[PDB]
Amino acid sequence: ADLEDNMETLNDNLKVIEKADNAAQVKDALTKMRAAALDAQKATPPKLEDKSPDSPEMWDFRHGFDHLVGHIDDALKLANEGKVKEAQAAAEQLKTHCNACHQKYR
Ligand code: HEC
Ligand SMILES: [Ca+2]
Ligand SMILES: [Ca+2]
Ligand SMILES: [Ca+2]
Ligand SMILES: [Ca+2]
Ligand SMILES: [Ca+2]
Ligand SMILES: [Ca+2]
Ligand SMILES: [Cl-]
Ligand SMILES: [Co+2]
């Protein structure tokens, strides 16, 4: 999957998590979100295509997904213990990091 597909996976599973009814639905959504974020991390955003792959902007873009994965992992620990409401709250707090990267590179 390319970068925009990974981003659509993140956006879709976000809406899934807030509409979810049980911990299984939340755990499956977070697992796909983890893979999409790690896959997106290997991509180059169109706005940075004329920058070097080694540029500080590209490393900042990659580091943003490291932090996002950390939050998905923390939310995964909550969903694995049946705490769907806590997991839904954690998944809602991803949005501040979604927006912060987008303001720079989207
Ligand atoms: C930087 C480390 C990012 C974080 C974290 C998130 N997004 Fe993202 N997003 C990023 C870029 C550089 C782009 C543009 C890519 C392109 O090919 O144009 C996007 C785009 C989106 C989109 C629109 C997809 C499209 O077809 O253009 C959506 C709906 C989107 N992003 C959602 C999204 C969500 C829900 C995130 C948190 C889970 C998130 N993004 C994080 C860069 C980064
Ligand atoms: Ca891919
Ligand atoms: Ca697009
Ligand atoms: Ca595509
Ligand atoms: Ca698509
Ligand atoms: Ca529902
Ligand atoms: Ca327990
Ligand atoms: Cl709960
Ligand atoms: Co954070």
Side-chain angles (χ1 to χ4, degrees), residues 1-18 20-50 52-106:
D2 55 55
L3 180 50
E4 32 229 318
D5 287 327
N6 295 331
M7 290 292 156
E8 284 175 63
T9 301
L10 295 173
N11 198 40
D12 294 344
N13 280 284
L14 214 38
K15 279 129 173 63
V16 153
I17 283 162
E18 256 306 343
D21 310 307
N22 62 70
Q25 301 176 322
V26 174
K27 180 180 177 153
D28 178 66
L30 283 171
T31 300
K32 300 180 173 163
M33 294 188 78
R34 205 199 195 265
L38 281 175
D39 199 32
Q41 189 184 46
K42 295 162 158 286
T44 304
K47 251 182 115 173
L48 299 179
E49 91 167 18
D50 277 322
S52 166
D54 210 35
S55 65
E57 283 94 339
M58 277 302 296
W59 283 118
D60 189 53
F61 168 83
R62 287 168 73 160
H63 291 162
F65 287 119
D66 282 338
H67 191 81
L68 199 79
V69 163
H71 276 280
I72 293 168
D73 286 349
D74 288 329
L76 215 43
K77 269 190 251 301
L78 300 161
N80 289 342
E81 299 245 67
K83 311 180 183 181
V84 0
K85 269 201 173 98
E86 286 179 59
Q88 284 171 325
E92 200 73 357
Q93 97 184 204
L94 301 181
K95 295 176 87 148
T96 187
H97 291 297
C98 308
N99 184 61
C101 180
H102 289 170
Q103 290 309 127
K104 287 187 275 194
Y105 304 130
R106 180 182 172 175

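Values below: every heavy atom of this structure, side chains too, minus hydrogens, waters and symmetry copies. By convention here, the first residue in the shown sequence is residue 1.
The side-chain hydrogen bond (donor to acceptor under 3.5 Å, both in side chains) test applied to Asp66 returns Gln41, not counting sequence neighbours.
Minimum interatomic distance between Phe65 and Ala40 (heavy atoms only, all atoms of both residues): CZ-CB, 3.6 Å. When all heavy atoms are compared, the tightest approach of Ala43 to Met58 is O-CE, 3.6 Å. The two residues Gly82 and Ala23 have their closest heavy-atom pair at CA-CB, 3.9 Å.
Interatomic distance, CG of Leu30 versus CD of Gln88, reported as 10.0 Å (0.5 Å rounding). Atom CG of residue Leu68 and atom CZ of residue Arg34 lie 11.0 Å apart, to the nearest 0.5 angstrom.
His71 and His67 have their aromatic ring centers within a separation under 6.0 angstrom.
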**CA sep, side-chain torsions, deciding dist, call: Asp12, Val16, side chain to side chain contact (heavy atoms under 4.5 Å, CB included)** = CA-CA 6 Å; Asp12 294 344; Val16 153; 5.7 Å; no
**Prompt:** Would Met33 and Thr9 satisfy side chain to side chain contact (heavy atoms under 4.5 Å, CB included), going step by step from the backbone distance to the final call?
**Reply:** CA-CA 7 Å; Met33 294 188 78; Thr9 301; 5.7 Å; no
**Request:** Test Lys32 against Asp28 for salt bridge (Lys or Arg N to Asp or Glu O under 4.0 Å), laying out the working first.
**Result:** CA-CA 6 Å; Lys32 300 180 173 163; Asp28 178 66; 3.2 Å; yes
**Request:** Could you walk me through whether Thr31 and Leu76 pass the side chain to side chain contact (heavy atoms under 4.5 Å, CB included) test, one step at a time?
**Result:** CA-CA 8 Å; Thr31 300; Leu76 215 43; 4.1 Å; yes
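In this structure, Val84 is a member of the same hydrophobic cluster as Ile17, with clusters built from ILVMFWY side-chain heavy atoms closer than 4.5 Å. Following chains of ILVMFWY side-chain contacts shorter than 4.5 Å, one can reach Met7 starting from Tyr105, so the two form part of one hydrophobic cluster.
For the pair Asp2 (side chain) and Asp5 (backbone), a donor-acceptor distance under 3.5 Å is present. For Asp60 (side chain) and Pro56 (main-chain N/O), no donor-acceptor pair under 3.5 Å exists by modelled atom type.
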